[PDB]
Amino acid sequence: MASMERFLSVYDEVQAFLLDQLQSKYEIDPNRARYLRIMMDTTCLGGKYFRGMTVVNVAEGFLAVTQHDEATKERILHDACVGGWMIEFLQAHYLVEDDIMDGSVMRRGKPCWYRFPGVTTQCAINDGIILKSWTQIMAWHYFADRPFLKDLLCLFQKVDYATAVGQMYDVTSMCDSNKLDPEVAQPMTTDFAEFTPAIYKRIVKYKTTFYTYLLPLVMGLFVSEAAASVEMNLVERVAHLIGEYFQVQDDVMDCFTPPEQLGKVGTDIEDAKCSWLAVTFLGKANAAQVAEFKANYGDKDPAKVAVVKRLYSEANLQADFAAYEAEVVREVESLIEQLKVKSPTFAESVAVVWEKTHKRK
């Protein structure tokens, strides 16, 4: 698509601004310039650009209904594109650090950054930190004199923190809360009592929905000067509900989509994740199924994973997924109708964002 090439053109411009800055102001040499350009490319590119492109789509909606000079249109789209790359590079930061943390081997068809032979955990941790700095550099440089600067930086901060908090929920999810203790090595849960829908929705709301839905949609608004025309409590509710659905699809795929299509080898049973499949499982299983789950879940052992998969498969979790899906379709359409009151244009951009999610892979 032509729009995605134009989006990528803003990325080249941004990469070129960033590296030229490191050469003229940070005394960087060409080899380290090169190593950071490849790190940037490897960690930021290759995905679908769903988050980044959403910013552009929202602003586009507003430009179709709104009087501007051509130059203002170009300005508005170029800001939406910059803003989008801010979110793509934030994501890039969290995925680098997440793959170190989740013990992961592959992503987007390639080895995780830290697993490249010339990188190692050592560099990649700092590379990830650089990725997020570059998001603030981009903001301060391209939005220097935009009336939305401060609001944009405050919202980005808040989204970044929520994400880090979510990550903390996610990584502490196989542990019993009463056992969390920096002094004592964390033993895996044996009861699985915190594997509940309420806990799962919590984990998911923070680790995924702020940065993948709330941030793109609001940034589209921010860069459009369009925030005072939508109901923000509604933007929050629809973002949190679509992104929760998006995570649930993530979780299903980790288990049941072949690595070839997923392009990232699935580690949820091994890692003992609080996934949608394990929670939904424990919500319908009889006593002996539960006991078999407990003897097997959470271990690298290739045969103990089969047992889990077959439990999941025989429990019929596609029935639960269709009830779940059908109920999300109801609330998402309902929120879309409510956004129509104040903002018909934004409602339609949410409808598009919903449509693309609901159809993914």
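The first residue of the shown sequence is 1; numbering continues from there.
Looking at 124 to 132 and 224 to 232 together, the entry lists the larger mean B-factor for 224 to 232, computed on C-alpha atoms. Here 134 to 142 and 270 to 278 are compared by their mean Cα B-factor, and 270 to 278 comes out higher.
In the PDB entry, the Cα temperature factor peaks, among 308, 332, 58, 39, at 308. Annotation for 185, 165, 81, 239: 185 ranks highest, by Cα B-factor.
Ranked against the other modelled residues of its chain, the C-alpha B-factor of residue 21 as given in the entry falls in the middle third. In the PDB entry, a CA B factor belonging to the lowest third of its chain's modelled residues is recorded for residue 35. When the modelled residues of the chain are ordered by their C-alpha B factor, residue 52 lands in the lowest third. Per-chain ranking of the deposited C-alpha B factor places residue 115 in the middle third.
Annotation for residue 151: CA B-factor lies in the lowest third of the chain's modelled residues.
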